[PDB]
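Report on one structure; see the data block that follows.
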Amino acid sequence: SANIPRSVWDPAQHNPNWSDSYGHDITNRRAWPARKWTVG
Amino acid sequence: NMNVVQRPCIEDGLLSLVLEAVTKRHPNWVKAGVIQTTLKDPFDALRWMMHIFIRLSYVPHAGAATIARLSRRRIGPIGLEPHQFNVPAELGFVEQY
Amino acid sequence: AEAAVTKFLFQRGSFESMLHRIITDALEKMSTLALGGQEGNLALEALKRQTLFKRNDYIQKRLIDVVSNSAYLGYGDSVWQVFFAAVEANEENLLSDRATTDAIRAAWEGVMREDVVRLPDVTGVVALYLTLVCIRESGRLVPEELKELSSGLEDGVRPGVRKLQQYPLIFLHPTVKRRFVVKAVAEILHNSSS
Amino acid sequence: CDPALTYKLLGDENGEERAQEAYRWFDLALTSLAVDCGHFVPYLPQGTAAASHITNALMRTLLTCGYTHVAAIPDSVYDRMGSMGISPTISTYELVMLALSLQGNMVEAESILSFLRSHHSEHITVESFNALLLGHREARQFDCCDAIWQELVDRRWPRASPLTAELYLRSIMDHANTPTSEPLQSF
Amino acid sequence: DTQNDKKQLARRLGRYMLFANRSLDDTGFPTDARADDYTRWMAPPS
Amino acid sequence: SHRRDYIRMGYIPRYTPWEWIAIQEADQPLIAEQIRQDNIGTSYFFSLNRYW
Amino acid sequence: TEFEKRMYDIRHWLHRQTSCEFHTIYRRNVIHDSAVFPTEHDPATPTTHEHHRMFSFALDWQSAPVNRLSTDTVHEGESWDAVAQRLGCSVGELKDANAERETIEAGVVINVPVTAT
Amino acid sequence: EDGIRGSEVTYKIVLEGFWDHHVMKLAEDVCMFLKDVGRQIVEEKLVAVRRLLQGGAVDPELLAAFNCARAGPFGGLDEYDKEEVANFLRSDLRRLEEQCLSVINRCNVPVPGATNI
Amino acid sequence: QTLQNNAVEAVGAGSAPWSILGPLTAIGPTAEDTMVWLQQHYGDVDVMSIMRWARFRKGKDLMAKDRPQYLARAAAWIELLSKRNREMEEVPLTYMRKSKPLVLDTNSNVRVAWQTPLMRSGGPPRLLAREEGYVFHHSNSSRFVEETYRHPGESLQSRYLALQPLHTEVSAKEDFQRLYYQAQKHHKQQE
Amino acid sequence: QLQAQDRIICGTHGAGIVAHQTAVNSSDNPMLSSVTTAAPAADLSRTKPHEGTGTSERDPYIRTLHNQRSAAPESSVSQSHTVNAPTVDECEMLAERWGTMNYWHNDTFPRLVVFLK
Amino acid sequence: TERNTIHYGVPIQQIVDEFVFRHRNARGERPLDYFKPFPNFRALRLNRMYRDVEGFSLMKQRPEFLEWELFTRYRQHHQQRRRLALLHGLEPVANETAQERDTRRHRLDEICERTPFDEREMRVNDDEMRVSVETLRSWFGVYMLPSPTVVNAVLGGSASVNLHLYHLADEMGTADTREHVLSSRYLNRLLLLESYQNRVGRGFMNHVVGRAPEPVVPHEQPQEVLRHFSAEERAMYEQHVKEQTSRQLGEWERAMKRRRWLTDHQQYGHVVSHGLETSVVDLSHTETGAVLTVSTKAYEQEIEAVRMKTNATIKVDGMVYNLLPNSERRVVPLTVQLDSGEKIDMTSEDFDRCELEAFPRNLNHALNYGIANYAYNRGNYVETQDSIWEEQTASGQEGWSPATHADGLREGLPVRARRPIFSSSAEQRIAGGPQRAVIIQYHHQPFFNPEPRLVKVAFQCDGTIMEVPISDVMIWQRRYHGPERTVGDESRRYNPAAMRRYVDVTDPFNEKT
């Protein structure tokens, strides 16, 4: 086959479910406020 | 009761007719002794059925090895003799560089 | 004409040239050696029609209508299921020492000894055959209740299947159900206390 | 020794005149056949094997000439064959495939192989896979050039020819010798 | 039909290449340059 | 290659880039014995007794 | 083969101070001949424990398979099926391994069909 | 066997570092790589297989190889016509497509938030 | 006899037109006519040398013992080694239809097939396929069709709703052999 | 499955998210203080295949679209287990055809009914 | 020759990465769901418009108040249509011709109409206000979200003035409140009314129906370029324009004469006069085998006496015919003119099989004027989505594929499972051809579902429950890639000012309500 797979560079084979590099690691380190409710 | 269906009734004149049509369709089956043209026994209908099913789904060892060679690229020699037998087998080994 | 309706059933062109032979010869021997009316030719053409129609009707009613309900046959699978079921009851007939050569028993057993037994594909006539055989077998294997009437071939063959039957009245029309309910609850509310 | 450049460089030898002569002799040939045939009276000569053979010859020649004629095989000649009523043979199709391929038109060539695969499969020779191979090598699609060799290895029939391996190997060296753009050329 | 006549002799010439899509440079000859660059050179004014 | 922050501003690829794989791969030769093709059969008699 | 190639190649771009092993397990046709490894009755003399002492492996035994002659000289008063009944095979077989020859004279060398008993 | 449990050829790569997270991250990298190379190869074999399934001839040689037995299961030398043999071939190729699709489909699951290898 | 077989298989069994006149010329009654005939029809191979090689089998001399076996052998070998004979011994194949994509799109897989003058008698005068915009297209999922749309009357459904696309399914090929044979069977019935 | 996927992802140079209509002219923003107004593009000029003179979208400063052949990935839909509508050319040859029991009795388009009819 | 230098451009991933780097996470282009706890991998990506919004013209570009919620409800209706479809086995077949497509869509429509909409699958993506059916109805009108009674009334009626705004009576004497699944033929019948055409922004349809498309002249010039043309050259330019326009409008005229080739009379012909639609039956001759055709309103008595098995044969003018088994159709008599100035009577059915003189690709253009040609009704949401469905089927992006663990198998999912066949004689197991079945339950946790994995499933055929190996199961894939290939891609509302958007940190999902 080709040395570098067609699925890498060809936009017809583009994978829409993929996400950008930065987004996930930004949403990952989020610590949400732990007082969601009164009393606890 | 609208969904319920009557179980049909099949007669040996019909079954023999069909069996003949099959006989003509695959001549070599009658030749090689897969099936016979005659319906004599009560159990021969089912019996010929099973013989068909076995001829179709059973693969002779030489044929199996060759076919597995074709599209799966299974490597090895393959004996075409009566006195040779093709054993499908696993080979493990290690590589280190 | 009778031998012709039955014998050539599964190749229609062959049957056709054969019928054409039969009545073209009956018509040669009709032209000379016959006499003062044309009725013989009309009865021979009507005999061509009658023969043809009896054949077409035979393959209609004794084949096509038996086969045509696919859901009944479980879309080809009931047909297979029944098969093994049959083979399971009758093993002292099909696979036994007295019954068959060890070569065949070994071929069978070797087919069944695979990790997944994949049901082999089949030619059209073989399909018709297999179906017919296993219908006629499902005759015997089933309970005495469903012998005549059931929904589906395979029905009852295996004793313990867990079905989804759980709604008795959902098949009925809403209007009837509704009127019934209003009436009945009107009465229970206007009648008792507990 | 590139079997493709053989055709292309052969088109420069008085290609046009040779073409015109192949056409002329062809019309001559149909005249002759119609004479020899004179029950399928309406269908003679065109319904005969001989006729087919002659058309095959015409095409096989037209491949040798200049671009215009190569490009006119799958276009004019084949349509005229259908029109006329002459039934093709495997060589007809492998010739048309070869024509389309030399043009660099893959979509159509592979469509043809697909047709042949579906209906007529038991007649397929290797020169078809040779056609497509050479073809992809022209259009410079080397992954399809790969795909077809791998497939032709799997089904071991029809047998590959030393020409086939010549084509695929050539394709490899071609791919191997091409540069990328500047972004990937740094290291 | 009749050998080497008008319609046959027309069909022999193949597909007609339009002068619209023809890429013709300064000297009236098909261009040396890549299709994108030519497309860009001859691109309409604004 | 186009990334000017590469080792300087702290960007270090987590996945080794395709180009680089292609190069490292292109540099070393492939052993011929690693292909593993046997169409003949095992040599029973001679093979183990071959020249010293 | 190509997958194996990329895979053996991953050792070249492997990470810093990291090494690797390759375990391959594939499927391969082996071939059992009843010709070279025939299925025969036990000898009419048995083998004792004695054939097995230490260094009996280096002395009292050959390395299998044993060498059977595929070539045989025809004795004088013989005919095709005298030779065939001698070699333990059908006449047809003997004729086919030897297909070259139409007749077998005394003192001639012949090809034993490998399925002979 | 179907799905995960079975294959023609199994490769095991054993990666070894001096530090744990080294080999872990390494495993992620090599794994992603073989996911893409894997998809590529298996895809190609899939298009080959699909073509093969659409139609094709049968070897004289394969046919011969089916017909070599003195006596097949029905107790006489059996005639496999080229039809039947093509039917076997076709069955197995259908199976191969199942397995190709299995692998390819698995390759496309591990997306960035969802990756578990 | 091969010509005969092919022409009979072409119809799926009478005789097709395919066997009426074949590519091989009748031999003149002479020795020189023979050598010449072999020369022009089979002459890419060297035939004399192949007839020499085919002489001996397993030490046995075939020419001086079995005539017909030697004959069938030299025949087979010249048959196999020549590309010319291979080209002329071929089987008639049906003729593939070119196609255009639909004017009203439903499937990409459903295409309008070109139709030869032979298959539709009647039909308006038409050009050749390529001039009309038909091309080679095929795949596993292909289906071919004759395309038209239902006639809208005068009603709301004509003016507002889109055109309704009536298809009539056709074969992807054209059997020239089967057609010719069938029509000459029609001429043997009429007469 | 984007809307107008080709006109945008495959056909447009930026995947739609680079705005090619932009002036490189000097800007008064604090962060844009490095920006120098550009000379107009070179008129008759031959670029490198990965670039452009930056005039338009049709001609970007950086060319993203590959110049090779584009082929959308091979479907992961089962070609085997799917059953299409019967064609004509299938119904002519129906007598020679080999199906699965699911193919003859298939719920939609059963072939057995056709074969008998 | 340009392919001599292989240019792999920058992959799309790299582009998106650079973009979202230059923007420091680009919060403008993110979905609001990205800013709430544990966003799923679909909320992790940018704001691209998907294909689901393509048939809804009610919301124009800025959707007004409640529009977006309405649309979301339509979208869910279509997802349920798809589920019903896979369920009873009528889905796009990659091969299918238009007649089979028509039959199929029809059966699907009936099964839709008779099934209650499911609200438990009604889900709310970020910022969307939850609303009941009833609110949507009383605001937008009931015709838009029809009760089965209104569906029935529109399919079984005629008149235009009735577009039913408010509810209808029911057999029980109540106002009918049910939400059944939307059905394409209904939406067609609504596209037939003028009021509706205007409501959905298609009002232009009234003016533009029979007219030509506006001529598009290749290389048309501005006045700014034309100012440099010489008098002669300008004359030439005019020559060009005139000839193009003339040609195109003439092409429209010729095409909309709507003429077809009559093979019998060897001529082109066209329709002068329409009769009403008659029900028609076919009568086959007994002796000759010839086939005739008969208006069922004329012979009604005799035909109905044959349907009662009393007299089994129908004589006409001395020739007796047998009634064909079904052959009961609706056909229109047509008065057709020939270019000889001739007149015939031909059925609609047979005049339909004919070949057209003109078939230009823009015939349906009038339906979207100036916007691209479509072969389907683009005012119908359901039919548009169905068209898309069929396209992506035929392309092979959509279809039956061996299931993965990640594809989101869950209760209620339509599935094709290979029916396990039970034999004692068999070690291991026996597999058989795929049949349609619903998932009853699927255990994800490795400890409820050991290897090899199982799925409890109910086969539609006999209504049977079984445990099936997951490697034996196929699902309907919406797209190539996954992880979840069973579920469709959902567009989100576009926000003009993205930087001002607010998340309540205490109840992000707005669960206190």
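Following the order of the structure tokens, chains are lettered A, B, ..., residues in each are numbered from 1, and ligands are numbered from 1.
Interface residues of chain J facing chain I, defined by any atom at most 9 Å away and using only C-alpha atoms, are residues 79, 84, 87, 88 and 89 of chain J.
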#### Entry: Interface list for chain K, partner chain I, 6 Å threshold, only C-alpha atoms, as an NGL selection string
:K and (95 or 263 or 352 or 361 or 375-377)
With C-alpha atoms retained, export the selected residues as a JSON list (two decimals), in the first residue's frame.
[["chain", "number", "residue", "atom", "x", "y", "z"],
["K", 95, "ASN", "CA", -30.67, -0.79, -5.59],
["K", 263, "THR", "CA", -44.11, 4.16, -31.28],
["K", 352, "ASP", "CA", -46.52, 7.22, -19.55],
["K", 361, "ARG", "CA", -32.48, 18.58, -15.92],
["K", 375, "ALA", "CA", -36.05, 15.92, -7.83],
["K", 376, "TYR", "CA", -38.17, 15.86, -4.70],
["K", 377, "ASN", "CA", -40.44, 18.17, -2.73]]
#### Entry: Residues within 10 Å of residue 5 in chain A, only C-alpha atoms, excluding chain neighbours under 4 positions, as a PyMOL selection string
(chain A and resi 1+9-10) or (chain D and resi 143) or (chain F and resi 18) or (chain H and resi 36-41)
### Message
DSSP on the backbone: which residues in range 70-191 of chain I end up as alpha helix (DSSP H)? Give the answer as a PyMOL selection string.
### Response
chain I and resi 70-81+83-88+156-159+176-190
### Message
Counting only C-alpha atoms, which residue out of C:33, C:176, C:164, C:87 sits closest to chain B?
### Response
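Of all the options, C:87 lies closest to chain B.
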#### Entry: Residue contacts of range 50-65 of chain B (7 Å, only C-alpha atoms) excluding same-chain residues fewer than 6 positions away, as a PyMOL selection string
(chain B and resi 34-35+78-80+86) or (chain C and resi 107-108+111+120) or (chain G and resi 29) or (chain H and resi 65-66)
Write the residues of the selection above to a file with C-alpha atoms, as a compact mmCIF listing (two decimals), in the first residue's frame.
# COMPACT_ATOMS: atom_id res chain seq x y z
CA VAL B 34 -24.97 -38.19 -3.09
CA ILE B 35 -28.63 -38.86 -3.68
CA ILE B 78 -0.21 -28.68 -0.12
CA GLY B 79 -0.46 -32.41 -0.85
CA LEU B 80 -2.63 -33.45 -3.77
CA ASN B 86 -3.03 -31.42 4.94
CA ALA C 107 -18.51 -36.11 7.46
CA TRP C 108 -21.60 -35.07 9.40
CA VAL C 111 -19.32 -30.52 9.89
CA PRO C 120 -24.46 -23.70 3.25
CA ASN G 29 -0.13 -26.06 6.31
CA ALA H 65 -7.33 -30.05 -5.79
CA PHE H 66 -10.96 -30.61 -4.76
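Between CA of residue 81 in chain B and CA of residue 122 in chain C lies a distance of 29.3 Å.
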### Residue list for chain B near chain G as number ranges by chain, 12 Å, only C-alpha atoms
B: 61-62, 64-69, 72-97
### Message
Using only C-alpha atoms and a cut-off of 8 Å, which residues of chain K sit close to chain A? Please list them as number ranges by chain.
### Response
K: 8-13, 16-17, 20-21, 25, 34-35, 37-39, 41-42, 44-45, 481-483, 505-507
### Task
Compile the contact shell of residue 23 in chain H as a VMD selection string: residues with an atom at most 10 Å away, counting only C-alpha atoms, same-chain residues fewer than 4 positions apart removed.
(chain G and resid 15 to 19) or (chain H and resid 14 to 19 27 to 29)
Could those selected residues go to a file with N, CA, C and O atoms, as a tab-separated table (two decimals), in the first residue's frame?
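Once everything was written out, this is again-v2.tsv:
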chain	number	residue	atom	x	y	z
G	15	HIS	N	10.59	4.71	21.00
G	15	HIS	CA	10.86	5.83	21.91
G	15	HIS	C	12.22	5.76	22.57
G	15	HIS	O	12.96	4.80	22.37
G	16	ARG	N	12.54	6.76	23.37
G	16	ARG	CA	13.86	6.83	23.98
G	16	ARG	C	14.06	5.76	25.04
G	16	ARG	O	13.26	5.63	25.96
G	17	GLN	N	15.14	4.99	24.89
G	17	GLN	CA	15.53	3.90	25.80
G	17	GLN	C	14.50	2.78	25.92
G	17	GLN	O	14.46	2.07	26.93
G	18	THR	N	13.69	2.61	24.88
G	18	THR	CA	12.68	1.56	24.85
G	18	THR	C	12.92	0.53	23.77
G	18	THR	O	13.14	0.88	22.61
G	19	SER	N	12.85	-0.75	24.14
G	19	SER	CA	13.09	-1.80	23.16
G	19	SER	C	11.83	-2.61	22.94
G	19	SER	O	10.84	-2.39	23.65
H	14	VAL	N	5.94	-6.92	22.29
H	14	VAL	CA	6.17	-6.65	23.70
H	14	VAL	C	7.14	-5.48	23.90
H	14	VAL	O	8.34	-5.61	23.67
H	15	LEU	N	6.60	-4.35	24.35
H	15	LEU	CA	7.39	-3.13	24.55
H	15	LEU	C	7.92	-3.04	25.96
H	15	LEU	O	7.17	-3.26	26.93
H	16	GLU	N	9.20	-2.67	26.08
H	16	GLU	CA	9.84	-2.62	27.39
H	16	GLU	C	10.67	-1.35	27.61
H	16	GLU	O	11.61	-1.05	26.85
H	17	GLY	N	10.26	-0.60	28.64
H	17	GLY	CA	10.96	0.59	29.10
H	17	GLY	C	11.63	0.46	30.46
H	17	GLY	O	11.52	-0.59	31.10
H	18	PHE	N	12.31	1.52	30.89
H	18	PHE	CA	12.83	1.59	32.26
H	18	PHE	C	11.90	2.30	33.22
H	18	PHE	O	12.10	2.26	34.42
H	19	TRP	N	10.89	2.95	32.68
H	19	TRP	CA	9.97	3.71	33.49
H	19	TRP	C	8.56	3.41	33.04
H	19	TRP	O	8.32	3.27	31.84
H	27	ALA	N	3.04	2.64	24.24
H	27	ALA	CA	1.97	1.74	23.81
H	27	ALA	C	0.84	2.50	23.14
H	27	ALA	O	0.31	2.04	22.14
H	28	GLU	N	0.49	3.66	23.68
H	28	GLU	CA	-0.54	4.47	23.03
H	28	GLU	C	-0.13	4.90	21.64
H	28	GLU	O	-0.91	4.83	20.70
H	29	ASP	N	1.12	5.33	21.51
H	29	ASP	CA	1.59	5.75	20.20
H	29	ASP	C	1.59	4.63	19.18
H	29	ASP	O	0.93	4.72	18.13
### Task
Return as a ChimeraX atom specification the residues belonging to chain H that are within 12 Å of chain B, counting only C-alpha atoms.
/H:7-15,42,45-46,48-53,58-59,61-97,99-100
#### Entry: DSSP strand (DSSP E or B) residues within range 21-108 of chain I, listed as a list in words
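Restricting range 21-108 of chain I to strand (DSSP E or B) produces residues 56, 57, 60, 61, 95, 96, 99, 100 and 101 of chain I.
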Just C-alpha atoms for this one: save the residues we selected as a PDB file, in the first residue's frame.
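Saved result, selection.pdb, follows:
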ATOM      1  CA  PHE I  56       7.884 -38.483 -28.369  1.00  0.00           C
ATOM      2  CA  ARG I  57       6.030 -39.228 -25.129  1.00  0.00           C
ATOM      3  CA  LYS I  60       7.411 -43.904 -26.846  1.00  0.00           C
ATOM      4  CA  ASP I  61       7.281 -42.707 -30.469  1.00  0.00           C
ATOM      5  CA  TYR I  95     -22.675  -6.321 -25.665  1.00  0.00           C
ATOM      6  CA  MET I  96     -22.458  -3.910 -22.731  1.00  0.00           C
ATOM      7  CA  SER I  99     -25.377   4.787 -19.641  1.00  0.00           C
ATOM      8  CA  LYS I 100     -26.149   8.312 -18.440  1.00  0.00           C
ATOM      9  CA  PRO I 101     -27.202   9.255 -14.903  1.00  0.00           C
TER      10      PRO I 101
END
